[PDB]
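Since the structure comes first, as structure tokens, the remarks are kept for the end.
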Amino acid sequence: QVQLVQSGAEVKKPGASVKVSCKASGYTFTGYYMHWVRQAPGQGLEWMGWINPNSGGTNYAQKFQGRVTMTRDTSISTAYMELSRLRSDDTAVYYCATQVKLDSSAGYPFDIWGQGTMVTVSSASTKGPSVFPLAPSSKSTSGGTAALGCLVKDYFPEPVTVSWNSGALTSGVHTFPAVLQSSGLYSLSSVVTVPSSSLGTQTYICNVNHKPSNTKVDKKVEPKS
Amino acid sequence: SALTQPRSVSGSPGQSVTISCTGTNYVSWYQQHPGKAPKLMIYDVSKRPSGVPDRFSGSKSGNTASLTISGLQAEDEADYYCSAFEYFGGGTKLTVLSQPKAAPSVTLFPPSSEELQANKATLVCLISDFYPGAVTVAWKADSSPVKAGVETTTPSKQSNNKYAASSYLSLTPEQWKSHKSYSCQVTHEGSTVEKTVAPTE
């Protein structure tokens with residue numbers, strides 16, 4: 001089986017370096033180039049460069065020049081990709097890949113891929129959320145129904161969970177996956193759709209749980225004035 | 001060098017779908033399933049690596065290469081990337097339709113009084129119940145586009161197998177109060193739903 005096996009996932013701080021390995025088996029490692037390709041979460045593929053395992057020669061994409069070093073150890077059929085001066089936006093899956101079995105002269109595309117190595121780069125430290133009410137109004141109303149919610153801002157790390165009315169309110173609840181901000185902190189929102197006639201009669205409380213900071217917040221959400 | 005492909009293509013089981021890739025003879029196509037490396041499906045326009053189903057084929061017009069999948073199967077739902085030498089297209093999500101298409105429900109919340117009193121302002125655009133799971137989000141201040149301060153999530157699946165996403169616009173209280181309105185515009189399958197909010201003392 002022609003295959004590439006990569007090292008496991010890594011967590012790093014900005015400014016540090018990461019070194020990912022890629023071990024070839026089932027084919028002659030030194031007969032073929034080795035490339036690296038990365039993919040940021042939710043984003044597309046981007047080629048980083050190649051190494052020739054026989055000569056040790058390399059060629060890198062302009063984006064990674066000065067920061068990426070590709071090497072190999074032919075005695076153990078292993079290629080390495082070291083990325084230095086890490087940025088939070090280097091958070092990505094890093095793949096090794098190459099072309100072994102194809103009928104082509106170009107060396108692209110790649111039929112053999114490693115499984116990928118997730119590298120997370122973050123400067124954030126544990127922080128509990130700030131919870132703000134998302135008040136209902138005639139704008140957030142439609143079928144006699146009003147939307148109200150809670151914004152759970154600026155926490156780290158994941159996860160946060162939200163219930164409504166200590167779990168008594170489940171119908172019409174939608175808690176959204178978090179966004180990761182450029183600060184390195186997460187925010188999410190939870191919204192519930194309720195009868196607009198029930199506003200003022202029924203109390204709505206969102207129950208936010210951030211176990212990583214041992215924090216719970218119960219935020220009352222009432223209509224505007 | 002700058003390969004362009006559609007963000008979203010879809011078809012029903014048994015149908016044929018085509019994904020285009022436009023550039024400036026070596027175009028190749030990868031399929032990528034969640035949590036897995038890309039898998040090469042077609043290379044050098046039309047060649048199939050061993051073991052790739054005959055339902056996958058490639059062709060090239062002038063400067064547009066095309067991947068065609070005949071007899072769509074559920075397992076074909078995946079992201080597809082075209083490539084040429086070291087360059088990649090931006091990817092196409094292929095959905096094998098298992099329920100009717102559905103436009104997003106969009107709710108936009110203005111900054112809360114509490115957040116404004118804390119000297120911050122966040123607009124919250126919540127997008128739910130859409131299928132296929134591909135949207136783009138744009139924001140406007142009054143009528144002009146706003147890109148600074150925007151963060152948008154990737155779509156995620158809800159219990160009913162439709163998708164949800166959210167987008168957040170960060171502003172200073174002064175910016176929020178200095179415009180007549182702000183708008184979150186969600187594009188899904190070529191049509192747009194836009195919600196607007198305005199400062200209200």
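As a convention, Cβ positions derive from the backbone with ideal geometry for all residues, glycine included, and neighbour counts pool all protein chains shown. Rule-based calculations on the coordinates, nothing more; no lab input.
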Long-range neighbours under 9 Å by Cβ, at least six apart or interchain, first residue within 18 Å of residue B:133 (Cβ to Cβ) within segment B:177-201, second surrounded by fewer than 16 Cβ atoms within 10 Å (Cβ to Cβ) and among the aliphatic types (A, V, I, L, M): B:186/B:103; B:188/B:103; B:189/B:103; B:191/B:103; B:193/B:103
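Okay, residues lined up against (1) within 14 Å of chain A (Cβ to nearest Cβ); (2) on the phi > 0 side of the Ramachandran plot; (3) over 22 Å from the mean Cα position of the chain (by Cα):
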position	(1), (2), (3)
B:10	no, no, no
B:51	yes, yes, yes
B:67	yes, no, no
B:80	yes, no, no
B:83	yes, no, no
B:87	yes, no, no
B:92	yes, no, no
B:99	no, no, no
B:102	no, no, no
Filtered residues of segment A:185-207 (kept if within 14 Å of chain B (Cβ to nearest Cβ) and either part of a strand (DSSP E or B) or surrounded by fewer than 18 Cβ atoms within 10 Å (Cβ to Cβ) (or both)): A:186, A:187, A:188, A:189, A:190, A:191, A:192, A:193, A:194, A:206
Criterion: facing chain A (nearest Cβ under 10 Å), surrounded by fewer than 17 Cβ atoms within 10 Å (Cβ to Cβ) and outside any loop (DSSP other than H, G, I, E, B) - qualifying residue of B:114, B:75: B:114
Any strands (runs of 3 or more DSSP E) falling wholly within segment B:30-70 and containing at least 1 residues that are of a type in the set (A, V, I, L, M) and either touching a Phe, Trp or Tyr at 6+ places or on another chain (Cβ under 6 Å) or within 17 Å of residue A:99 (Cβ to Cβ) (or both): B:39-42, B:64-69
Selected residue [loosely packed, with under 15 Cβ neighbours inside 10 Å and either of a type in the set (S, T, N, Q) or within 14 Å of chain A (Cβ to nearest Cβ) (or both)] from B:183, B:159, B:166, B:170: B:159
Tally of residues being in a strand (DSSP E or B), touching a helix residue (DSSP H, G or I) at 6+ places or on another chain (Cβ under 7 Å) and more than 13 Å from every other protein chain (Cβ to nearest Cβ) across segment A:120-132: 2
